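A.B. asks: These protein sequences, in sequence, are chains A, P, I, D, e and Y. Just so we're aligned: the first sequence equals residues 1 to 78, 101 to 416 in the deposited numbering. Just so we're aligned: the second sequence equals residues 10 to 64, 80 to 126, 140 to 161 in the deposited numbering. Residue 8 is where the third sequence starts when you use the deposited numbering, and the numbers rise one by one after that. Residue 2 is where the fourth sequence starts when you use the deposited numbering, and the numbers rise one by one after that. Just so we're aligned: the fifth sequence equals residues 7 to 36, 47 to 130 in the deposited numbering. Residue 2 is where the sixth sequence starts when you use the deposited numbering, and the numbers rise one by one after that. Heads up, the beta-carbon is just placed ideally off N, CA and C, and yes, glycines get one too. The following block contains the structure, expressed as structure tokens.
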Amino acid sequence: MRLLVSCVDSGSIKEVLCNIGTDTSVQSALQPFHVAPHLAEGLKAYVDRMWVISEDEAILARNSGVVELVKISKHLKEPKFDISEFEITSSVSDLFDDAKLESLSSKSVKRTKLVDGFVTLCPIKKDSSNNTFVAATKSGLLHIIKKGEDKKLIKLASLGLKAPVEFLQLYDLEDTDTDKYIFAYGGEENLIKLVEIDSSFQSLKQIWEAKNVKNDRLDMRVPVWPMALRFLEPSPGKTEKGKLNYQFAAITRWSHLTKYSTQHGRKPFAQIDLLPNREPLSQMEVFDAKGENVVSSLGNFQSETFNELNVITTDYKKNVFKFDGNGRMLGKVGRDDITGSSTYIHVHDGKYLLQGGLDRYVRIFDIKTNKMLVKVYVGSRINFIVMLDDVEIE
Amino acid sequence: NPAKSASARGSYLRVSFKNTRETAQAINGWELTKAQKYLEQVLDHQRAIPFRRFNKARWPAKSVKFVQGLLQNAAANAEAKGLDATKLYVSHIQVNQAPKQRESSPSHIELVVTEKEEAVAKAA
Amino acid sequence: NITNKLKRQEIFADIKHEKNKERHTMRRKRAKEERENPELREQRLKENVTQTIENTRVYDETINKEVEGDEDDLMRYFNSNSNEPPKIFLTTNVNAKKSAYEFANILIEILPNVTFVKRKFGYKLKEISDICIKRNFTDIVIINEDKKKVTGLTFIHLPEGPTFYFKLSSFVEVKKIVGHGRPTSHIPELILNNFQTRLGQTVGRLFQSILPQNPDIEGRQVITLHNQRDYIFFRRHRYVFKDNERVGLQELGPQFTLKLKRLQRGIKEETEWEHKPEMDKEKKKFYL
Amino acid sequence: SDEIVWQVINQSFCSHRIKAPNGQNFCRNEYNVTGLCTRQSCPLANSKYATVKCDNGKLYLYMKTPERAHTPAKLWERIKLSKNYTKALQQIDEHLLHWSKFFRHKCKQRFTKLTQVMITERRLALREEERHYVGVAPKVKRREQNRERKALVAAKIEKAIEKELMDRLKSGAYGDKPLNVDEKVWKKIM
Amino acid sequence: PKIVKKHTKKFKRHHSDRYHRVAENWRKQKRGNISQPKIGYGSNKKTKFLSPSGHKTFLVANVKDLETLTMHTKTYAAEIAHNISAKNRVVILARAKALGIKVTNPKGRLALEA
Amino acid sequence: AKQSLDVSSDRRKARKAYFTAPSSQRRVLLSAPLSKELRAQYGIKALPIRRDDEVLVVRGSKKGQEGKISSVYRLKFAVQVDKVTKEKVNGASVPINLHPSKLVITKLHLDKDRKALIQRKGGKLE
RNA sequence: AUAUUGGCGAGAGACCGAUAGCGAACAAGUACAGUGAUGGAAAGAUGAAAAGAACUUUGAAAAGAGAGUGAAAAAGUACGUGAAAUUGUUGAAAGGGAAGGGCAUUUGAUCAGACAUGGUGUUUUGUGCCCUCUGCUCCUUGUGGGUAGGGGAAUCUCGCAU
RNA sequence: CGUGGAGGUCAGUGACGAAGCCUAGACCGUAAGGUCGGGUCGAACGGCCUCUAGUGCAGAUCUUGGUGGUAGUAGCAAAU
RNA sequence: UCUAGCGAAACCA
Ligand SMILES: [Zn+2]
């Protein structure tokens, strides 16, 4: 297994070559074959988001608003294996706008001040040879980055959204042939909104907005802080004329799993208190219980049935949760081994779980058996990991 | 403070309890080496153990033998802890009764020896 | 075997008696043989080693590992600047009693540029943080008292610095100390002990930042924070550099015990580390 | 039968009835308006009955008729009360028209109490909570005390202080003839 | 109202200090310097069973018992039973402050951490 | 409940039966349930454990461990599995006396008596 | 068909819970006493697991002290829990051949002593069971109960938030 | 008013600590007594309506056990 | 005759 870890405390990446069963916490256990620091740029500019294009290049998100294309090589470690060496080829800068964020710092739930981050780094198109990628800020700035034919990153557009955008998910299910580019986004009292952008990437159109539920048991307004989202297949049966054909699910801050059928309408037809006392939730991943890969490359759950949906989330404490489509807890994941708030989790290939957070520990978990596969100390706070191909050296 | 303090404990000690209480009250609050030299003078009948409650000053040998055995034990424990010998004075001592039969009156002797403190002259 | 009470007690006590007889004779015979030869004494003590818990701790890679980006993080999340002294803010919790006021008065003399407030009802922590930022306080200290006893401490570095919640267990005043000593205006030196884990180095850099730098060498005063078994001990002392090469001490001000309960990113935002009793049951990790 | 049922409930075992230290009695009957178990109070002893009672958010007037003495599943009739306090008291007086003074009076009282409880709960939900309650297990407390004692006795911290002070001194870190150390003693080190 | 107590002290047996085997409960003997219990010391019927807070106490085991004091808040005061576990005591306290009932013994088996 | 008169429900009789049991009855008492896989293999839930077979631990402080049984300590109603030991401060090793109700058998050691027992209990033995 | 404080077995108890219950829950008709006939005790609880304290050291030896196991030695084969009588040390006070309490008050020491922090009216804006339109559903069929979709607060109005 | 046991009930309490013990801690009872805090502790126990009794102790030179002073005294096979 | 060691019982609002 090869891993690339965005290491915050160094402001770098680390390449990890380790086999199944590697545990750094025990001397008797398997030790990792190779640990490689790369591209250390200080804590002010740590890696936010990485996009691997198949092998030879990766895409980096700075905290300085800079998006970087990096050439990836392999060279022999001098049990034999190649290690990887990194070379930045192109960079596009100046994509953050903290002025609205310090402007909105009064109406803010968190106690710390607000700074911009690249929340979304992904292609716009499910088809390959896209060379047209998106970069989403917390400031609502959506940037259209083109890989040039001279192999140079060039920005095409910089469009605005509403203020704080905690998350932005693209819809990649069906009809890649048609030029229809659907995404959703939301944030602190910023409703989940479906927006189509034009395929010429010069204009967007907000096509849908959610609506809030009625008042609670205490007749209070329910606070709106959605945290994450994925898409499903649209509604089967008869479409209702002029509603929309979209079905998708989301995780709020206040422990609500919220399901959305646009055929039903703008209000949640289903909202679930997952945890007592409205515990904060951080990320949201979707998975098959048997480790199967049932999602898109952007992770959208390729089914129509909300009851088939199974999710994994994290709080701001040390907890990793599993839930069904109804909110019943399928279990806790590696609860006895983590000690930190898992900042980052990810379902890799259906059957592996990337974990890394404040614990300074990279944890490959099994999806199906719920067993820890690999534990690695890295010496840095973790916010993002990509997993390369499985290698099984010796 | 447990750090600058050693301890010695004796249990079930088949001695006359009343005589041991007197000779333990005689030794309290003394420097360790001076108290041991005093106990040596007791064995030569040079200086006697004064009797206050259970009574004039005798020389009860069997009590003093076990007492200085515990004093050697506490000194060895202090040196294993690595304390000063000259600062080391007995601070606490207590005798109480052991159970009667397993008519005799045995006892539990214990003592705590402590380094004498020395203060620091303040600067400016 | 035997289940009668008085038979079994007697038999096992006599077995103990014969055993301790034999052990005394054997150590005395070894003592005679090591009177003769000082080699096999050394061969015994090299042969068998007295196991202690300090000897046997679960291996951690955080021990003796360098911190990545330690200087930028050290200026970032900590106030580590000789140019900028810290504004320290004392935040004694709502409806405080007299005991926490006395402990705050103690803590005045420890910390530099320290400022006290009496909290009032209805001020949220974001509002307080905003006001302390506008007044350029760089860290706030919250005393949590309960039942007229100071039980908890909270440390927050203000420019989005990390939150620390320590549990104070045992506290001794100055007057209950026998070797009393009188502290002076002189800035003490500082001692940090056994902070070698990565979280321990984080906490050590925390206390290194919060405590005043630049000690007064004239007034021979020192403070100390010892770490043992996830129990840190605060004391403070006066120097006697003896001719006999052992420095002499007098425990000047108050002593207490702290234990980190919670280490959180930011101003109560996300928790890096917590304490649990299920962590305590393993009894050999000692998360420092 | 109501007075027979009442004297059974009174002179023998009312399962809901709770006995105070004062001597006063208290029904745990969920429909009972007053807390008490008295002749007017037990809903079991009376067939005409009414009660302000809240289901999750909304407050409902619950009516009990002698007409439905049988069929206790279909027993209670429910009326949604208005959020206007005045209008809901008017609704109470409407549905309790030609009705006795006790049920209307105590029913208005219970309505006011429940609405003010709603107000205080909204307040406490909005109220900031720094401290949270922790009960401490005695097992945990004893481990804390004894292990702090074992750590303090184990670590002879004073000797290690003397060690690190000699380490800082011999390492340097004080210059030539420091103000800490006497000059003769420092020359003995030198 | 103004609570009269009629007897501050306690009523002890004659010669109760003179022997350790003799208890301190009132037992009738079968000088006059010993206060003897009698019905004249019985307190006023309005003032009887009143705390110094001015309430009548009421033992509460769980939340359903606490809800029985919903209407009589100013008259009574809830007291948590001695054997309630600490998980339930915080729930009882939150529910009681929601109901606005004075708890006689808060902070029993409980501490406030952070 | 108890329908036969010849069955008794006295606690004192039941404990006196339990603690004074002969060893042939004890191996019937010392029984462990099979795995879901072994139930899918043979169609049978629980079996008298012996020492030659292989097991996993599903409760206790040593939960999620496994091994071959070293020896069945029938006198203490207990069973020493190999490699689940406490290592003393001398360095020597002593196994945890496990209890077969807290164990799940993973790999059976099949014998002719064992195969015939599976057959008489209705097993679909391969 | 009847009796059955014995034998061989069962099954029960509004029985006693280790000074009780058989003398005997335990190596009890035992130890022991009597020449004998006979009489006849006391004595239950480490822990979940002995994991029963490796090793160093004092120590004739008994016992220690470091150390460690254990969730707990505030469980160390003197062992669940561990009352009183009584003993030792320290602290405080009093006494000088002083005895105790009752009342009442000082002094000294000491403890308790809000998770209290709201209500009323007005105003700003926002939101929803508020308004409007379009539904669905349960019967106790009414002075009902639940529930959906879209729109609006541009105006009114209620509740909520502000 | 209190105690052992029994029927019903509180979907009573309880390993986040029952019962018991201590409590120069508070409260309610005229009292018999009851309630809570704290400490210790480790596995069961209470309130209410009834039933039932081997059901309430300071003495009986009561029974059994434990511990005093006498007293380091008498005295040295007083048991060894 | 003294020391040391061992060490009672009678009786006891
Ligand atoms: Zn009633």
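Where do the ends of the alpha helix (DSSP H) carrying residue 139(I) lie?
C.D. replies: It spans 132-141 - the alpha helix (DSSP H) in which residue 139(I) sits, taken as one unbroken run.
A.B. asks: Below 6 Å CB to CB, which residues in the same chain sit around residue 390(A) once its five sequence neighbours on both sides are set aside?
C.D. replies: Answer for residue 390(A): 312 and 313, listed in chain order.
A.B. asks: Once the 5 residues before and after residue 278(I) are set aside, which same chain residues still bring their CB inside 8 Å of it?
C.D. replies: Once the five neighbours on either side are set aside, the close Cβ partners of residue 278(I) are 269, 270, 271 and 272.
A.B. asks: Does residue 82(e) come out as helix, strand or coil in the three-state DSSP assignment?
C.D. replies: Residue 82(e): helix per DSSP, three-state reduction.
A.B. asks: Below 8 Å, is the gap between the Cβ of residue 45(D) and the nearest heavy atom of ligand 1?
C.D. replies: Yes, the beta carbon of residue 45(D) sits closer than 8 Å to at least one heavy atom of ligand 1.
A.B. asks: Applying a beta-carbon distance threshold of less than 8 Å, which residues of chain D neighbour residue 98(e)?
C.D. replies: Result: empty, since nearest Cβ-Cβ is about 14 Å, beyond 8 Å.
A.B. asks: Output the distance between the C-alpha atoms of residue 99(P) and residue 106(P), rounded to the nearest integer angstrom.
C.D. replies: Their Cα atoms are separated by approximately 10 Å.
A.B. asks: Can you round the beta-carbon distance between residue 95(A) and residue 377(A) to whole angstroms, since I take them to be within the 8 Å contact cut?
C.D. replies: Gap note for chain A: numbering proceeds from 78 to 101 with nothing in between, so residue 95(A) has no coordinates.
A.B. asks: Counting only C-beta atoms, is residue 287(I) closer than 9 Å to chain e at any point?
C.D. replies: It does not; no Cβ of chain e falls within 9 Å.
A.B. asks: For residue 242(A), which residues in chain D fall below 7 Å Cβ to Cβ?
C.D. replies: Within 7 Å Cβ-Cβ: 123 and 126.
A.B. asks: Is residue 378(A) helix, strand or coil when you go by DSSP?
C.D. replies: The answer is strand: DSSP assigns residue 378(A) an E or B state.
A.B. asks: Identify the residues that DSSP records as bridge partners of residue 33(e): which are they?
C.D. replies: Beta-bridge pairing links residue 33(e) to no other residue.
A.B. asks: Between the alpha carbons of residue 63(D) and residue 406(A), how many angstroms are there, rounded?
C.D. replies: Looking at the two C-alpha atoms, the distance is approximately 57 Å.
A.B. asks: Kindly indicate the opening and closing residues of the alpha helix (DSSP H) around residue 182(I).
C.D. replies: Here residue 182(I) belongs to no alpha helix (DSSP H), and DSSP marks it neither H nor E.
A.B. asks: Got a sec: is the Cβ-Cβ distance from residue 339(A) to anything in chain I below 9 Å?
C.D. replies: Chain I contact via Cβ: present.
A.B. asks: What do you reckon, is the C-beta of residue 50(Y) under 8 Å from a heavy atom of ligand 1?
C.D. replies: For ligand 1, not one heavy atom lies less than 8 Å from the Cβ of residue 50(Y).
A.B. asks: Pick out whichever of 118(A), 345(A), 67(A) and 163(A) has its Cα sitting closest to the Cα of residue 333(A).
C.D. replies: Among 118(A), 345(A), 67(A) and 163(A), the Cα nearest to that of residue 333(A) is on 345(A).
A.B. asks: With distances taken Cα to Cα, identify the nearest neighbour of residue 124(D) among 52(e), 115(e) and 53(e).
C.D. replies: Of the listed residues, the one whose Cα sits closest to residue 124(D) is 115(e).
A.B. asks: Tell me residue 40(A)'s beta-bridge partners as DSSP assigns them.
C.D. replies: In the DSSP output, where bridge partners are listed per residue, residue 40(A) has none listed.
A.B. asks: Please look up how many angstroms separate the CB atoms of residue 280(A) and residue 293(A), rounded, as I've assumed it's under 8 Å.
C.D. replies: That pair is a contact at about 5 Å.
A.B. asks: Which residue from 210(A), 400(A) and 229(A) puts its Cα closest to that of residue 25(A)?
C.D. replies: Residue 400(A) is the option with its Cα nearest to residue 25(A).
A.B. asks: With a cut-off of 9 Å, does the C-beta of residue 159(P) fall near any C-beta of chain D?
C.D. replies: For residue 159(P), the answer is no, since every Cβ of chain D falls outside 9 Å of its Cβ.
A.B. asks: Output the residue ranges of the alpha helix (DSSP H) runs that lie fully inside the segment 84-131 of chain I and measure 4 residues or longer, sorted by chain position.
C.D. replies: Within the segment 84-131 of chain I, the complete alpha helix (DSSP H) runs of at least 4 residues are 105-117.
A.B. asks: In this structure, what does DSSP give as the bridge partners for residue 283(A)?
C.D. replies: Answer is 269(A).
A.B. asks: Using alpha carbons as the reference points, say which of 213(A), 307(A) and 53(A) lies closest to residue 173(A).
C.D. replies: Among 213(A), 307(A) and 53(A), the Cα nearest to that of residue 173(A) belongs to 53(A).
A.B. asks: Kindly list the residues whose CB is nearer than 8 Å to the CB of residue 211(A), restricted to its own chain and excluding five residues on each side of it in sequence; keep chain order.
C.D. replies: If we look at residue 211(A) and ignore the five residues flanking it on each side, its Cβ neighbours are 129, 245, 246 and 247.
A.B. asks: Residue 176(A): which of 59(A), 330(A), 225(A) and 47(A) sits nearest, CA to CA?
C.D. replies: Among 59(A), 330(A), 225(A) and 47(A), the Cα nearest to that of residue 176(A) is on 59(A).
A.B. asks: Below 7 Å on C-beta distance, what does residue 275(A) contact in chain D?
C.D. replies: Those do not exist, as residue 275(A) stays about 16 Å from chain D at its closest Cβ, beyond 7 Å.
A.B. asks: Can you find a C-beta in chain A that's less than 9 Å from the C-beta of residue 63(I)?
C.D. replies: Closer than 9 Å: no.
A.B. asks: Following a CB-centred definition, is residue 5(D) positioned closer than 8 Å to any heavy atom of ligand 1?
C.D. replies: It does not: the Cβ of residue 5(D) is nowhere closer than 8 Å to a heavy atom of ligand 1.
A.B. asks: Tell me whether residue 17(D), by its Cβ, gets closer than 8 Å to a heavy atom of ligand 1.
C.D. replies: Indeed, a heavy atom of ligand 1 lies less than 8 Å from the Cβ.
A.B. asks: Any chance the CB of residue 48(D) is under 8 Å from a heavy atom of ligand 1?
C.D. replies: Answer for residue 48(D): no, Cβ out of range of ligand 1.
A.B. asks: So, with DSSP's three-state summary, where would you put residue 31(P)?
C.D. replies: Residue 31(P): helix per DSSP, three-state reduction.
A.B. asks: With hydrogens ignored, establish whether the beta-carbon of residue 10(D) is closer than 8 Å to any heavy atom of ligand 1.
C.D. replies: Within the cutoff, so yes.
A.B. asks: Between residue 252(A) and residue 187(A), how many whole angstroms is the CB-CB distance? I'm expecting something under 8 Å.
C.D. replies: Not a contact, Cβ separation roughly 16 Å.
A.B. asks: Going by the DSSP bridge assignment, what does residue 28(D) pair with across the sheet?
C.D. replies: Residue 28(D) pairs with 18(D).
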